[PDB]
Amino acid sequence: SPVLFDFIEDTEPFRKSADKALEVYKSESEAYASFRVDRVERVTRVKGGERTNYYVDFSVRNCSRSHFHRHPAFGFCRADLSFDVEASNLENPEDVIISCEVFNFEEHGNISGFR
């Protein structure tokens, strides 16, 4: 059985999947409580003998940093959605694995300095 790796060009149908994966992620990681999906960036499909996996790569924002003129923040997440090969839509993955990494304006280089 060959394994097929390719990309889905129309990512908008994965937006809800990204929203829900972030919701799940933040329920386990309290520092992420204020976070919201920015854009779905890329979706990769891997089709195997057993499952179809979709890897939904998405940007996030730390909305608590939109208040009080805080330092900006951004993150990238990947959600791995694993589907029964018989699934007819995206709504009900058998399981989901999510990781996220954050990029804080003030923790990198000299960009948070003054003249």
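Numbers for residues come from their place in the sequence shown, where the first is 1.
Asks: When the C-alpha temperature factors are averaged for each of 40-48 and 82-90, which stretch ends up with the higher value in the entry?
Replies: Comparing 40-48 with 82-90, the higher average CA B-factor belongs to 82-90.
Asks: Per the record, averaged over C-alpha atoms, which has the higher B-factor: 28-36 or 73-81?
Replies: Per the PDB record, 28-36.
Asks: By the entry's C-alpha temperature factors, tell me which of 95, 107, 19, 101 sits highest.
Replies: Among 95, 107, 19, 101, the highest C-alpha B-factor in the entry belongs to 107.
Asks: Place residue 62 in the lowest, middle or highest third of its chain's C-alpha B-factors, as listed in the PDB entry.
Replies: Tercile = middle for this residue's CA B-factor.
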